[PDB]
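Numbering-wise (the deposited numbering), the sequence shown opens with residue 38 and increments by one. Heads up, the thing below is written out as C-alpha cells.
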Amino acid sequence: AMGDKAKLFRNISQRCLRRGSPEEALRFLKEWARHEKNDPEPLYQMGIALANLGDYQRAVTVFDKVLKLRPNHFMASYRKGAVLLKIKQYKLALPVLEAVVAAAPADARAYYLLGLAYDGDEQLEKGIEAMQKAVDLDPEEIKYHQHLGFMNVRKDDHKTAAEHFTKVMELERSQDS
Ligand SMILES: [Cl-]
Numbered sequence: 038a039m040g041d042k043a044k045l046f047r048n049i050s051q052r053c054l055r056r057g058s059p060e061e062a063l064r065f066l067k068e069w070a071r072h073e074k075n076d077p078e079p080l081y082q083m084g085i086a087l088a089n090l091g092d093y094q095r096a097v098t099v100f101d102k103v104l105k106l107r108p109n110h111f112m113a114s115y116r117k118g119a120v121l122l123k124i125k126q127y128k129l130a131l132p133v134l135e136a137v138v139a140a141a142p143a144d145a146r147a148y149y150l151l152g153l154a155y156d157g158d159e160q161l162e163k164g165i166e167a168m169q170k171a172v173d174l175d176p177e178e179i180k181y182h183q184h185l186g187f188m189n190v191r192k193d194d195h196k197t198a199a200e201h202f203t204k205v206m207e208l209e210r211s212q213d214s
C-alpha cells in the first residue's frame with residue numbers, strides 16, 4: 038500500500054536529516070504526508086524536525102496529530118512530553134510522561150523527565166520519587182544524582198543531598214579513568 042511517491046520522499050527526508058538540515062527535511066516530510074495521509078510516520082518525523090529547529094509549540098501540534106491517529110504511539114508521547122517540559126508547560130507534561138513510564142517502566146530517562154516535570158509543578162516530593170527511580174534504573178548517570186541532590190537541598194535534607202553530590206564527583210573522577 039505504500040506509494041512510489043511516498044518512498045521517494047521518505048528517502049530524500051532521510052538524507053536531509055542525515056546532512057543535519059531539518060529545515061529542508063520538513064518540506065519533503067510534508068510531501069510524504071500529502072501522499073500517504075493517515076500514515077502516522079511522516080507526521081512523527083515532522084515532529085522531530087520541528088523540535089530540533091526549536092519550533093516547540095508547532096512540534097506539540099504535530100505530535101498530537103500522530104497521537105490522534107495512534108493513541109498509544111509511545112515515542113510520540115515521549116517526545117511530546119519532552120518538549121512540553123522544555124516549554125515549561127509542566128502540568129500538561131505530567132500525564133504524558135506518566136503514560137510513557139507505564140509503557141516503559143525501566144526507561145530511566147522517562148522517569149528523569151517525569152521528575153523534572155513534577156519538580157517544575159512544585160510537587161517536590163513526587164519529583165524526588167521519580168528521580169529516585171531514574172537513579173536506581175541507571176546509577177552511573179551523573180545528571181540524575183545532580184538533580185536528586187538539589188531536590189534534597191530544596192527540602193532541607195542536606196545529609197541525603199551530600200550523599201548524592203559526593204557520588205556526583207566520584208562519577209566525575211571516574212570519567213577521566
Ligand atoms: Cl533540580
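For every residue, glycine included, the Cβ atom is placed at its ideal position computed from N, Cα and C.
Fill in: Between the CA atoms of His182 and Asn75 - distance to the nearest angstrom
42 angstroms
Worksheet item: Taking the Cβ atom as the reference point for each residue, do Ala167 and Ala130 lie within a distance shorter than 8 angstroms?
Response: no
Practice prompt. Note down, in chain order, each residue of its chain lying with its Cβ closer than 6 angstroms to the Cβ of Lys170, except the 5 sequence neighbours on either side.
Written response: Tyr148
Discussion item. What does the alpha-carbon distance come out to for the pair residue 237 and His184?
Written reply: No answer is possible for residue 237: it lies beyond the span of the chain, which begins at 38 and ends at 214.
Worksheet item: Alpha carbon to alpha carbon, how far is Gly164 from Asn109?
Response: One C-alpha to the other measures close to 25 angstroms.
Practice prompt. Just the C-alpha distance for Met83 and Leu63, rounded to the nearest angstrom, thanks.
Written response: 6 angstroms
Item to complete: Classify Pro77 as helix, strand or coil using the three-state DSSP reduction.
Response: In this structure, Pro77 counts as helix in the three-state DSSP scheme.
Practice prompt. Determine the direct distance from the alpha carbon of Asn89 to that of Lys44, and round the result to whole angstroms.
Written response: 23 angstroms
Item to complete: State the DSSP-derived secondary structure class of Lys192, mapped to helix, strand or coil.
Response: The three-state secondary structure of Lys192, taken from DSSP, is coil.
Worksheet entry | Collapsed DSSP secondary structure at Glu177 in the structure displayed | coil
Worksheet item: Could you give the distance in angstroms between the alpha-carbon of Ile85 and the alpha-carbon of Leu174?
Response: 26 angstroms
Discussion item. By the three-class DSSP mapping on this structure, what secondary structure does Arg56 have?
Written reply: coil
Worksheet item: Could you give the residue range of the alpha helix (DSSP H) that holds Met112?
Response: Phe111 to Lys123
Worksheet item: What three-state label does DSSP hand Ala38 in the structure shown?
Response: coil
Worksheet entry | Residues near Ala96 in its chain [Cβ-Cβ closer than 7 angstroms; skip 5 each side] | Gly84, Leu87, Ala88 and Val120
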